[PDB]
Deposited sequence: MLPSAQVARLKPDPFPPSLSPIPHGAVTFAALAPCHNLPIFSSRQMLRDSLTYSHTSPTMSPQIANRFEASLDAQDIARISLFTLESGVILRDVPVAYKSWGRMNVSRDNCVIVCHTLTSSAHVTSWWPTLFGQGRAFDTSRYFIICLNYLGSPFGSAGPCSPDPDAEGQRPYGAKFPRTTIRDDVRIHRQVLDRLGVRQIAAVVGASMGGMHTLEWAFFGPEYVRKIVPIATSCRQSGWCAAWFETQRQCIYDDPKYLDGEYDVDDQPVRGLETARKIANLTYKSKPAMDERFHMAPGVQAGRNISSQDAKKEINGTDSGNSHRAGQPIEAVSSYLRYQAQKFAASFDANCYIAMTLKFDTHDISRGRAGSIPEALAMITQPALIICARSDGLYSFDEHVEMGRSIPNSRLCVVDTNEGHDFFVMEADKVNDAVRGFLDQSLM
C-alpha cells in the first residue's frame, strides 16, 4: 500500500471481527489513527476530529494552524484523535488493504460501508484506548456527517459537537455531482471493473473527477479572483494549466477503488433513517451543545440546510464565516474556524 507508506508514523488498532450494518462481517480489521496530546486521569478530555474524503488521519497536514497551545486543538489541554475511515487508502480497512480471505488486497470487492459503520468501529477503538468521555467532536464536510452521527451516542458520552460545512442526509445535488465523478472512473478503460493494477490507475478518470470536485469546492467569486481578463483598454489562458496541475496531483496520490468506496458513503448518509420520521425530528434528538459552522458561498452544502440544523438542534449556535471561498473555506479560513472552535470549547 503505497498510499499508506507515504504517511508520517501512525497507529493501527486491529478489530478481529466487525459486523457492518449490511450484516457483512469484516475480519482482522485495521483501523488507523493518529493522536496528539495526553489523556487526563479522568480520561474525559478527548477531542475527536473527523477527516475529509481524501485526507488521511494526519489532520495537521491540512489543518496545521488549529493545533498547539492556545489553539483549538490545544494538546496541553486535550487528547486529540483522528481515525481513518473504512474505505480509505490511508491505513484503515479498504480496497488497498489485505483481504484476510486470500492473504491480495480487497480491491474492487471491499464491502459497502456507511458513515454509521465508521462511527461504530471508531468508538470500539476509543474504548480500547480507555476514553471515558468525549469533550468534543469536530468535523468538516464528510467529517461533519460523522460528527452528527457521533452526537447520537448522547450527551453523557459526547459533550459537544462542531459540524462544519456539511449535511444531515444525502441530497440529489451532491449525489449527482459525485456520481458524475464516479462515472469518469467507470468510463476510463484503465479501470477494468476495479481490477486495475495499483500502479496502473485509471488516471484520466481520477483527474477528471478532481477537476470537477475542485470547482464544486470553490465559488464564482473565488475563481474570478484567481483567473480574469485584462482591463479593456491569473489570466484566462492560465486556467488550462491550473486544471491539469490540480488533477494530476490528485491522480498520483489517491486510489480509484477507494474514491468509489468513499463517495458511495455519501449516498447512505441520513441521520433520521431508522430513528425518526424526518430530519427535523432526528436533529431534535441531538441534545449536546452544537456549534454549526458554514459559509453562504458553499455551493455543495447550502446555507439554508445549516440554518435548518440550527433550528432543530435545541442547544445550537450558527456561525456564518464571512468569506467567498466556497466549500473550501474551512481550510482557507482556518484561523477563523480555529477561533470559533476554541471559543466554543472554552465555554
Counting from 1 along the deposited sequence, which stretches were left out of the model?
-> 1 to 65, 169 to 170, 301 to 327, 442 to 444
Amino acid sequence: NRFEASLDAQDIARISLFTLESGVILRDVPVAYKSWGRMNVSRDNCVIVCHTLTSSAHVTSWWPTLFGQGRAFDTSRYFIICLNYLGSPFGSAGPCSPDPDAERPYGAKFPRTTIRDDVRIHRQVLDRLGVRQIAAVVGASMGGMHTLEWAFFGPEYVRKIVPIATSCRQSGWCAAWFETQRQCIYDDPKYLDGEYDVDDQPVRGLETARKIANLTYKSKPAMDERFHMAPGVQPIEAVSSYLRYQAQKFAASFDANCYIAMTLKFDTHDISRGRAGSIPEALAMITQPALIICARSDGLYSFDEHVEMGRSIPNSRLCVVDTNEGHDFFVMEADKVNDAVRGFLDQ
From here on, numbers count along this sequence of modelled residues.
Return whichever of 193 to 201 and 127 to 135 has the greater mean Cα B factor according to the PDB record.
-> 193 to 201
Would you mind comparing 153 to 161 and 172 to 180 for me and telling me which has the higher average C-alpha temperature factor in the entry?
-> 153 to 161
Identity of residue with top Cα B-factor, from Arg71, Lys218, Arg273, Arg112 | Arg71
Based on the PDB entry, the highest CA temperature factor among the options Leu53, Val29, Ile48, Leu66 is that of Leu66
Can you work out whether the C-alpha temperature factor of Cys294 puts it in the lowest, middle or highest third of the chain?
-> lowest
Sorting the chain's modelled residues by C-alpha B-factor and splitting them into thirds places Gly87 in the lowest
If you rank the chain by CA B-factor, which third does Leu300 end up in: lowest, middle or highest?
-> lowest
Of the three thirds of its chain by CA temperature factor, lowest, middle or highest, which one includes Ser141?
-> lowest
Taking the chain's C-alpha temperature factors as the reference, tell me which third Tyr259 falls into: lowest, middle or highest.
-> lowest
